[PDB]
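Asks: Got a structure for you, start35.pdb, holding PDB, C-alpha atoms and all ligand atoms.
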```pdb
ATOM      1  CA  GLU Z 212     -54.408  32.357  20.193  1.00  0.00           C
ATOM      2  CA  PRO Z 213     -57.162  29.686  19.842  1.00  0.00           C
ATOM      3  CA  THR Z 214     -58.181  28.032  23.130  1.00  0.00           C
ATOM      4  CA  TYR Z 215     -59.712  24.597  23.682  1.00  0.00           C
ATOM      5  CA  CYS Z 216     -60.730  22.085  26.359  1.00  0.00           C
ATOM      6  CA  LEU Z 217     -62.696  22.761  29.569  1.00  0.00           C
ATOM      7  CA  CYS Z 218     -59.855  24.927  30.914  1.00  0.00           C
ATOM      8  CA  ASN Z 219     -60.098  27.190  27.854  1.00  0.00           C
ATOM      9  CA  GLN Z 220     -56.313  27.298  27.476  1.00  0.00           C
ATOM     10  CA  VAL Z 221     -54.252  27.220  24.274  1.00  0.00           C
ATOM     11  CA  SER Z 222     -53.207  23.928  22.716  1.00  0.00           C
ATOM     12  CA  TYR Z 223     -50.280  22.165  24.442  1.00  0.00           C
ATOM     13  CA  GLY Z 224     -48.985  18.602  24.717  1.00  0.00           C
ATOM     14  CA  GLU Z 225     -51.181  15.769  23.438  1.00  0.00           C
ATOM     15  CA  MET Z 226     -54.854  16.548  22.934  1.00  0.00           C
ATOM     16  CA  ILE Z 227     -57.789  14.269  22.172  1.00  0.00           C
ATOM     17  CA  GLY Z 228     -60.798  15.190  20.041  1.00  0.00           C
ATOM     18  CA  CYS Z 229     -64.376  14.349  21.001  1.00  0.00           C
ATOM     19  CA  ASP Z 230     -65.896  11.904  18.509  1.00  0.00           C
ATOM     20  CA  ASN Z 231     -69.183  13.862  18.662  1.00  0.00           C
ATOM     21  CA  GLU Z 232     -69.048  15.883  15.426  1.00  0.00           C
ATOM     22  CA  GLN Z 233     -71.236  18.523  17.107  1.00  0.00           C
ATOM     23  CA  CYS Z 234     -69.044  18.805  20.229  1.00  0.00           C
ATOM     24  CA  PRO Z 235     -68.772  22.547  21.084  1.00  0.00           C
ATOM     25  CA  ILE Z 236     -65.206  22.179  22.442  1.00  0.00           C
ATOM     26  CA  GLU Z 237     -63.857  19.113  20.563  1.00  0.00           C
ATOM     27  CA  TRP Z 238     -60.211  19.242  21.736  1.00  0.00           C
ATOM     28  CA  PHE Z 239     -59.134  18.573  25.313  1.00  0.00           C
ATOM     29  CA  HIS Z 240     -55.701  18.296  26.937  1.00  0.00           C
ATOM     30  CA  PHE Z 241     -54.912  14.711  28.036  1.00  0.00           C
ATOM     31  CA  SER Z 242     -54.309  15.869  31.631  1.00  0.00           C
ATOM     32  CA  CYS Z 243     -57.672  17.720  31.792  1.00  0.00           C
ATOM     33  CA  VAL Z 244     -59.533  14.475  30.954  1.00  0.00           C
ATOM     34  CA  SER Z 245     -57.264  12.237  33.092  1.00  0.00           C
ATOM     35  CA  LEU Z 246     -55.636  10.445  30.142  1.00  0.00           C
ATOM     36  CA  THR Z 247     -52.016   9.357  29.741  1.00  0.00           C
ATOM     37  CA  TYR Z 248     -52.267   7.242  26.584  1.00  0.00           C
ATOM     38  CA  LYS Z 249     -54.265   7.518  23.345  1.00  0.00           C
ATOM     39  CA  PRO Z 250     -57.516   5.629  23.999  1.00  0.00           C
ATOM     40  CA  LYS Z 251     -58.475   2.796  21.677  1.00  0.00           C
ATOM     41  CA  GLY Z 252     -61.738   3.258  19.796  1.00  0.00           C
ATOM     42  CA  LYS Z 253     -64.231   6.123  20.118  1.00  0.00           C
ATOM     43  CA  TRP Z 254     -63.795   8.745  22.838  1.00  0.00           C
ATOM     44  CA  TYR Z 255     -66.365  11.290  24.029  1.00  0.00           C
ATOM     45  CA  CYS Z 256     -65.606  14.207  26.324  1.00  0.00           C
ATOM     46  CA  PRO Z 257     -67.136  14.380  29.831  1.00  0.00           C
ATOM     47  CA  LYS Z 258     -69.925  16.680  28.625  1.00  0.00           C
ATOM     48  CA  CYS Z 259     -70.910  14.534  25.626  1.00  0.00           C
ATOM     49  CA  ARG Z 260     -70.583  11.162  27.414  1.00  0.00           C
ATOM     50  CA  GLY Z 261     -72.857  12.448  30.153  1.00  0.00           C
ATOM     51  CA  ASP Z 262     -70.660  13.337  33.124  1.00  0.00           C
ATOM     52  CA  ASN Z 263     -71.198  16.191  35.580  1.00  0.00           C
TER      53      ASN Z 263
ATOM     54  CA  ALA S   1     -59.417   7.726  19.152  1.00  0.00           C
ATOM     55  CA  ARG S   2     -58.543  11.083  17.554  1.00  0.00           C
ATOM     56  CA  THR S   3     -55.509  12.733  19.101  1.00  0.00           C
ATOM     57  CA  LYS S   4     -52.824  15.154  18.000  1.00  0.00           C
ATOM     58  CA  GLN S   5     -49.487  16.444  19.230  1.00  0.00           C
ATOM     59  CA  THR S   6     -49.329  20.218  19.623  1.00  0.00           C
ATOM     60  CA  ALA S   7     -47.056  21.587  16.884  1.00  0.00           C
ATOM     61  CA  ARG S   8     -45.667  25.082  16.173  1.00  0.00           C
TER      62      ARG S   8
HETATM   63 ZN    ZN M 301     -57.426  21.647  29.269  1.00  0.00          ZN
HETATM   64 ZN    ZN M 302     -67.746  16.385  23.341  1.00  0.00          ZN
END
```
Show the structure stored in the file as structure tokens.
Ligand SMILES: [Zn+2]
Ligand SMILES: [Zn+2]
Replies:
Amino acid sequence: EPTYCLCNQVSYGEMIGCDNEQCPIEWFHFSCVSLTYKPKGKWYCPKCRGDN
Amino acid sequence: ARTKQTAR
């Protein structure tokens, strides 16, 4: 029932959480943020890291 | 990073 990411779809596969505690979305699907492997260190979603 | 595998 709950949806996440920029696509606003349910949880599926591997998801990564934005390290900004105040991120409005928080969880994103790896594919939606062009990731294949768990990043090392802090990770911020496109919105929080300043992308358009 | 913080990641999780979808479960259930
Ligand atoms: Zn997505
Ligand atoms: Zn964020």
Asks: Residues at most 8 Å from ligand ZN 302 (chain M), using only C-alpha atoms and all ligand atoms? Could they come as a PyMOL selection string?
Replies: chain Z and resi 228-231+233-237+255-260
Asks: Using all atoms listed in the file, I'd like a table of the residues in chain Z that come within 9 Å of chain S; for each, show the closest atom pair and its distance in Å rounded to one decimal, ordered by chain and ascending number, as CSV.
Replies:
```
residue,atom,partner,partner_atom,distance
Z:222,CA,S:6,CA,6.2
Z:223,CA,S:6,CA,5.3
Z:224,CA,S:6,CA,5.4
Z:225,CA,S:5,CA,4.6
Z:226,CA,S:3,CA,5.4
Z:227,CA,S:3,CA,4.1
Z:228,CA,S:2,CA,5.3
Z:229,CA,S:2,CA,7.5
Z:230,CA,S:2,CA,7.5
Z:238,CA,S:3,CA,8.5
Z:249,CA,S:1,CA,6.6
Z:250,CA,S:1,CA,5.6
Z:251,CA,S:1,CA,5.6
Z:252,CA,S:1,CA,5.1
Z:253,CA,S:1,CA,5.2
Z:254,CA,S:1,CA,5.8
```
Asks: Please write out the residues within 10 Å of ligand ZN 301 (chain M) as an MDAnalysis selection string, counting all atoms listed in the file.
Replies: chainID Z and resid 214:223 226 238:244
